[PDB]
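Chemist: Generate a structure from the sequence data that follows.
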Amino acid sequence: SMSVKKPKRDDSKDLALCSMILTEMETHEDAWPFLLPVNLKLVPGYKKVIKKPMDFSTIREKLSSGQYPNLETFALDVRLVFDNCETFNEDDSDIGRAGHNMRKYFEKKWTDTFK
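Modeler: Residues are numbered from 1 along each chain as shown. I have put the structure below:
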């Protein structure tokens with residue numbers, strides 16, 4: 001509350017460390033469904049159904065331009081990528097499996113770096 005604060009967690013390396021995680025996600029072999037924004041002209045249904053599209057290139061540009069206020073808003077966009085993927089893709093498809101794999105990969109790096 002006013003003039004009553006928990007001890008200050010060092011957040012000075014968060015930007016660098018989110019960039020490193022994002023590099024590791026970009027270079028994973030199963031990243032290919034997620035590297036670029038889904039082409040809303042060429043994929044029927046995507047625009048109407050997926051209210052907030054998100055992809056790794058868009059996270060990279062937001063990260064680089066100071067549009068994440070803190071590491072939690074960064075994790076929300078990463079998770080959005082996978083939640084969108086599960087909304088639109090069967091679990092038993094190459095893309096559906098890619099999304100589960102990447103989400104697992106992310107959540108481990110997240111826990112190991114920050115928790």
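Chemist: Assign a three-state SS to the spatially most central residue of the chain, would you?
Modeler: When CA atoms, centre = their mean is applied to the chain, the residue found nearest the centroid is residue 78 (1.2 Å). At residue 78 the chain is in helix, as set by DSSP: H, G, I helix; E, B strand; the rest coil.
Chemist: Can you give me the distance of it to residue 63?
Modeler: 10 Å (CB to CB, to the nearest Å). (Each C-beta comes from the backbone N, C-alpha and C, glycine too.)
Chemist: ditto for residue 79
Modeler: 15 Å.
Chemist: Please apply the same query to residue 42.
Modeler: Taken as CB to CB, the span from residue 42 to residue 63 is 27 Å.
Chemist: The two: which is more packed in?
Modeler: Neighbours around residue 42 and residue 63, counted as other CB atoms under 10 Å, are more numerous at residue 63. The numbers are 16 against 7.
Chemist: The more buried one touches residue 23, doesn't it?
Modeler: No. At 10.5 Å, residue 63 and residue 23 do not qualify as touching, with contact defined as CB atoms under 8 Å.
Chemist: give me every residue that touches residue 85.
Modeler: Applying CB atoms under 8 Å, 6 or more residues apart in numbering, we find residue 85 in contact with 33-34, 95-96, 98-99.
Chemist: Report the two of those residues separated the most.
Modeler: Spatially, the most separated pair among the contacts of residue 85 is 34 and 96, at 12.6 Å (CB to CB).
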